[PDB]
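Worksheet for the structure shown next.
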Amino acid sequence: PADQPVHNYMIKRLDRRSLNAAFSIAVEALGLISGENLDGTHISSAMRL
Amino acid sequence: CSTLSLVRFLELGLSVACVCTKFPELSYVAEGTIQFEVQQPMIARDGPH
Numbered sequence: 100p101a102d103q104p105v106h107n108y109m110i111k112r113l114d115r116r117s118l119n120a121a122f123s124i125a126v127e128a129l130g131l132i133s134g135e136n137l138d139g140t141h142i143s144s145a146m147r148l
Numbered sequence: 051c052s053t054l055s056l057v058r059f060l061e062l063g064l065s066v067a068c069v070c071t072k073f074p075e076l077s078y079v080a081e082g083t084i085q086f087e088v089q090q091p092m093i094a095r096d097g098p099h
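Line by line, the protein sequences are chains e and S.
One gets the authors' numbering by counting positions in the first sequence from 1 and adding 99 to each.
One gets the authors' numbering by counting positions in the second sequence from 1 and adding 50 to each.
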């Protein structure tokens, strides 16, 4: 007698992890970037760059 | 009630003592020194230095 085409069934689980990294920024160089008070020359200074 | 009579610094008399100039990035560039000398006069004495 013949044979039948067998097959199997597999169930797998998703194992969860997570990575993280961080940096900072100095309070002295905070307002130097976003601060829109600098009118005419500090907007193209060297320390801003 | 009671108001708060504000005072302006420039309109005082003491303002004549010091010169006040708005330097915005001091908090950042103060990390080092600035180190400017001023002067000294000297009399031309006879006899070869």
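Cβ atoms here follow ideal geometry from the backbone N, Cα and C, with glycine treated the same way.
Cutoff 8 angstroms: e/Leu148 Cβ touching any chain S Cβ: no
Partners in chain e for S/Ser77, counting only beta-carbon separations shorter than 7 angstroms: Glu127
CA-to-CA distance, e/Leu118 to S/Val69, given in whole angstroms: 54 angstroms
Residue nearest to e/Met146 in terms of C-alpha spacing, selected from S/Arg95, S/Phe86 and S/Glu81: S/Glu81
S/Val79, enclosing alpha helix (DSSP H) - first and last residue: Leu76 to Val79
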